[PDB]
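Protein sequence lines, in the order shown, are assigned to chains E, A and D.
Mapped onto the authors' numbering, the consecutive letters of the first sequence carry residue numbers 1 to 190, 194 to 256.
Mapped onto the authors' numbering, the consecutive letters of the second sequence carry residue numbers 1 to 190, 194 to 256.
Mapped onto the authors' numbering, the consecutive letters of the third sequence carry residue numbers 1 to 190, 194 to 256.
For reference, the structure discussed in these notes is given below.
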Amino acid sequence: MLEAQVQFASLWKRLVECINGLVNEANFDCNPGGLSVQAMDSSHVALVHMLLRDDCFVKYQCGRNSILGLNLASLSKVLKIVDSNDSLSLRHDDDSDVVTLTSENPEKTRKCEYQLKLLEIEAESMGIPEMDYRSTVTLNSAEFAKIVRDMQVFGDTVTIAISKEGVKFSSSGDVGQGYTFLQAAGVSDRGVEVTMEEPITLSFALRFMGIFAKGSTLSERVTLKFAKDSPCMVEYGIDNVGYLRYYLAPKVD
Amino acid sequence: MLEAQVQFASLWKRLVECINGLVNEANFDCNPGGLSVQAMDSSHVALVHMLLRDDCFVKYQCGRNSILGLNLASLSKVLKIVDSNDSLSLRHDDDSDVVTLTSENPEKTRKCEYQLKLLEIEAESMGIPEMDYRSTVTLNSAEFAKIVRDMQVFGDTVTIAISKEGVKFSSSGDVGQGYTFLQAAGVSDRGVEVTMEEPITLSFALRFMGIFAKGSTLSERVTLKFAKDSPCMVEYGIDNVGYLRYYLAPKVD
Amino acid sequence: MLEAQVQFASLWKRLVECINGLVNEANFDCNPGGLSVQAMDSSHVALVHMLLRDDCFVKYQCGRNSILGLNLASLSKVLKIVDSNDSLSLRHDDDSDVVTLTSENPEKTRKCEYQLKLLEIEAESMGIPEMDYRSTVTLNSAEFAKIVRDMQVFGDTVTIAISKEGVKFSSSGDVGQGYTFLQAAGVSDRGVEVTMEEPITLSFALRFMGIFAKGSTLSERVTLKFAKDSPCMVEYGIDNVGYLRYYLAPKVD
C-alpha cells in the first residue's frame, strides 16, 4: 500500500515528459529508497536512469519493494492536464492492478483523481555501464539543449571535442558544416566548467542527444561525462532529491 | 432597414466563435428588442439561444422584424480580420440581398467594409425547454472550460454529480478514469455556489459541453442548471446586455 | 578576399526570411559600394532588389567585385539557429567556393562557425523596370502587412486605388467582398501620406503582396509607387544603410 506525494506536481510533469521522449512504457521500482525508473529505447542504444530519493516527497511509504510498469504515453496525457502548482499523490494497493494519481489545490478546494491501468513489463536487463572518470564538462542546460537542436540542421551526428579549457560541437550534412565553441570560465566564487584528464573526442547520435536535452527543464546545469570508447553520460540533477541520467553509445571508426 | 453598431468589435468576434461551434448558418431575428439567434445542431441534441439586447449596441435601429440568414463560417472568417478595438456596424437595406459590416478606427483614420451574401435558412424548428430546475451550480467560466477539456482525455461522456458542498465531473475510457471535484461552503457577505433541492446526477456528450465552454470569453462566470431526466442548461451572461444560453440533452438510456 | 560583419544578426535573419519567400537561391554581388541581391521569382512576375551600403557593417572589405551564389533554403536554416543579438561575420577566401558565417557573443564567450557550399546561378534576365510616375503612398509597414493577409480571406487579387483623399484596398471571392480605406488629408502638424499626380487604379497578385509584406519586419514604414499599366514597387528602407525593394507586375485582362 505505497504512497508518494510530491508538493508541486510540476516536477512529475517535467519528468515524464523527458522520459516519454525515450521510451513509451517503463517500470517504477518503488523501494523505501525512493522511486526509480531504468529503461532502454527500442533500438537498445540509450539508457535512462532516474532516481527520486524518498526525501524528495512530502509523504512517502514503501515498506514493500514493489514494481509498477505503466504507459508513459498515457501518463503524459493525464499529466498534461494537471495543474503545475497542485500537489500530486501516486498510490497503489496490494495486487490492485491500478495505480492512482491525486491532485489537490493549495487552497484545498479542487480535488482531482485519475486512475491508470498498469503493466506487465519484462525485466530491465542491460544497465549501468560505468564509470566514465576521464573527462567532465558542465554547462547551462538550456544552453546545451539549444546547441543540439541547432546541430540538427546539419547532420544527426554531433562531434564533441574536449580541449584544454574547450568543448567544441561540430556537425555535417548536405547544408554544410557548423560548430560551436565554448571556452571554460573558472572557477569561483559567489559558464562552462570543463575538467578533463584527456583531450578526448567522441561523437554521438543527435536524435538521442535531443531526446536527453529536454532535461533542461529540471536543472539549470547539465553534466557530461565521457570515456574513450565507452557509453557517455548526461546528468541532470535535482538539487536535493535526485537525478536523471542518460547514457548513450558513441559512433565507432 | 437595420443598423446595429457595437462599440468594440471584440464582442462580435467572440460570440460568433461561441456559436459557430454548434451550427454553421443561423437565422438572426432582428427586431426592436435587439438581435436574437436560436439554433439547433444537426442531431437535434443541443440548442443555442443568444440575445443581444438593443442597448448592447452604441446605436440600434430596427423598425420591423426582419430575419437574416448568415453563414457563420464566412462571418467568422471576416470577423477574424476585424480588430478587437474597432467599432462594428451591421447594416442591411430594404431588399439588399446582402448584409454589410463596417468597421472604423477609434481615430477615424481607417475604414473597413465587408459584405456578406445572405442565405435563406430552413426555420430553426424545436423550441426552448424549461423550466423547473432542481439544482443550480455557478462556477468560474474558465475553470469549467478546463474541466471539460480535461475530461475529454478520458472518454467523451462526462457525468456531473451534484451533492451539497460538491459537484463531481467524472469520465472513463481507454486512457483511464478521471474526476475533478469542486466544493461550495461559506462565506456571506464576501468560488462555486450550489443549490439545495435534491441530489441530482446526469451525463452529457463532451463534444458539446466543449462547444459550450467557449462561452468563457464572454463572461467570468457560467451557470449550470439541471433537472431530473431533462435538458441541462449552461448560460453565460453577456454584461447584463444579453445572454448566451445553451441546452443539451442528457445521455440517458 | 571578402569580409562583412554586421553588429546585430537580427538584420540578416529578418532579411533572408524576406527574400527566401521569393526565390530559394540567389546571387550576392559584393562590390566595394556594398552587398546587393537582384532576384526574380520562377514565374518571372516579380522582383527583389536588395542593397546594403558598406557603411552598414561594422567591418567591410571588398577590393574587387566578387559574386556569391547561394542556397536561400540552407541559409534560412542556418540563420534560424543564430541568436538575434550576436555579431555575424561573412567571409570568402580567393576562389574558396565555401562562404563562412561567424557568430559571436557580445562578450566573446561562445563562438559559432557555419560553412555553406555555394553555387552557380545563371543571371536572371531583364534588369529592373525604370520609369516611375506620380502615384505614391506611404503607410505603416505593419498596417500594410495586415491589409494583405486580411484581403486574402476574400480572393487572390487585391485592387489598389489611389485618390487624393486616401488609398482603397478591395477584394472579392467566395466569402464575399471586402475593402480597407485609409486617408491622408493632413497632418497639421505633428499615418498615411498619399502624394499623387492623377488617380490610378491597378490590381495585383495577393500571393506576392503577402511575400512582399514580410518586409515590415525591416522598416516601420513602407512606400508603394505606381504607374498606369506598370509594375508597382514596394520599398522598405533600412535605416539609411540600405533598402529592400520589390517590383510586381499588375494583372490586366
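All C-beta atoms, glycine included, are put in the ideal place defined by N, C-alpha and C.
First and last residue of the uninterrupted alpha helix (DSSP H) at residue i
{"i": "D/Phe57", "result": "Neither: D/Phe57 is in no alpha helix (DSSP H) and is coded neither H nor E."}
{"i": "E/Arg91", "result": "No alpha helix (DSSP H) contains E/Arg91, which is instead part of the beta strand (DSSP E) from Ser87 to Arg91."}
{"i": "A/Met212", "result": "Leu209 to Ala216"}
{"i": "E/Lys77", "result": "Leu72 to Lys80"}
{"i": "E/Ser10", "result": "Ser10 to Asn20"}
{"i": "D/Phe154", "result": "D/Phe154 -> no alpha helix (DSSP H), and no H or E assigned at all."}
Chain B contact for residue i (CB, 8 Å cutoff)
{"i": "E/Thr226", "result": "Judged by its chain identifiers, the structure shown contains no chain B, and its protein chains are E, A and D."}
Residue j beta carbon less than 8 Å from that of residue i
{"i": "E/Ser87", "j": "E/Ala9", "result": "yes"}
{"i": "D/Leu52", "j": "D/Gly34", "result": "yes"}
{"i": "A/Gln7", "j": "A/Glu124", "result": "no"}
{"i": "E/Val16", "j": "E/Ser76", "result": "yes"}
{"i": "A/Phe144", "j": "A/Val45", "result": "no"}
{"i": "residue 275 of chain A", "j": "A/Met212", "result": "Because chain A spans 1 through 256 in this model, residue 275 of chain A falls outside it and cannot be assessed."}
{"i": "E/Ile147", "j": "E/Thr180", "result": "yes"}
{"i": "D/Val78", "j": "D/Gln5", "result": "no"}
{"i": "D/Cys56", "j": "D/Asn31", "result": "no"}
{"i": "E/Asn71", "j": "E/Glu107", "result": "no"}
{"i": "E/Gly176", "j": "D/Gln115", "result": "yes"}
{"i": "E/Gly155", "j": "E/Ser171", "result": "yes"}
{"i": "D/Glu223", "j": "D/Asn140", "result": "yes"}
{"i": "A/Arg110", "j": "D/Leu182", "result": "yes"}
Host beta strand (DSSP E) of residue i (start-end)
{"i": "A/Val167", "result": "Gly166 to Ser170"}
{"i": "D/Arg248", "result": "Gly245 to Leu251"}
{"i": "D/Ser135", "result": "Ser135 to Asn140"}
{"i": "A/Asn31", "result": "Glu25 to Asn31"}
{"i": "A/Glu238", "result": "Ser233 to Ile241"}
{"i": "A/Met40", "result": "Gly34 to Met40"}
{"i": "A/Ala4", "result": "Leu2 to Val6"}
{"i": "E/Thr180", "result": "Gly176 to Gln183"}
{"i": "A/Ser103", "result": "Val98 to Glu104"}
{"i": "D/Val48", "result": "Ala46 to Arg53"}
{"i": "D/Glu113", "result": "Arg110 to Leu119"}
Cβ of residue i within 8 Å of any chain E Cβ
{"i": "D/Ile19", "result": "no"}
{"i": "D/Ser84", "result": "no"}
{"i": "D/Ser89", "result": "no"}
{"i": "A/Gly213", "result": "no"}
{"i": "A/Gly33", "result": "no"}
{"i": "A/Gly194", "result": "yes"}
Cβ shell of residue i (< 6 Å), same chain only, five flanking positions each side left out
{"i": "E/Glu196", "result": "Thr138"}
{"i": "A/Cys112", "result": "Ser103"}
{"i": "E/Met1", "result": "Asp93"}
{"i": "E/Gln152", "result": "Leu209"}
{"i": "E/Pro253", "result": "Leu205"}
{"i": "D/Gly240", "result": "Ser222 and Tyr246"}
{"i": "E/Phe215", "result": "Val237 and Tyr249"}
{"i": "A/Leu227", "result": "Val137 and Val237"}
{"i": "D/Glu3", "result": "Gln61 and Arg91"}
Beta-carbon proximity list for residue i, same chain, < 7 Å, skipping 5 on both sides
{"i": "D/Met199", "result": "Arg134, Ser135, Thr136 and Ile162"}
{"i": "A/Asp132", "result": "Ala230"}
{"i": "D/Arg14", "result": "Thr220 and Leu221"}
{"i": "A/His49", "result": "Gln38, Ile128 and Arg248"}
Minimum Cβ-Cβ distance from residue i to chain A less than 8 Å
{"i": "E/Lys13", "result": "no"}
{"i": "D/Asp189", "result": "no"}
{"i": "E/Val23", "result": "no"}
{"i": "E/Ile81", "result": "yes"}
{"i": "D/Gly186", "result": "no"}
Neighbour flag for residue i against chain D, beta carbons, 8 Å
{"i": "E/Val197", "result": "no"}
{"i": "E/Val137", "result": "no"}
Cβ-based neighbour list, residue i, same chain, cut-off 8 Å, excluding 5 preceding and 5 following
{"i": "D/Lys217", "result": "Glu17, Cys18, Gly21 and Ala145"}
{"i": "A/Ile67", "result": "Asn27, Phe28, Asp29 and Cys30"}
When you check each C-beta in the region 102-119 of chain D against every C-beta of chain E, which residues fall closer than 8 Å?
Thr109, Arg110, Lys111, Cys112, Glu113, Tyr114, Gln115, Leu116 and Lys117
What residues from the region 157-184 of chain A come within 8 Å of chain E, judged by C-beta to C-beta, listed N to C?
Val175, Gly176, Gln177, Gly178, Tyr179, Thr180, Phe181, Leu182 and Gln183
Residues within the region 219-251 of chain A neighbouring chain E, beta-carbon criterion of under 9 Å
none
Please identify, using Cβ separations under 8 Å, the residues of the region 48-78 of chain E that lie next to chain A, in order along the chain.
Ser74, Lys77 and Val78
Chain E contacts made by the region 144-156 of chain A, where a contact means CB separation under 7 Å:
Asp150 and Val153
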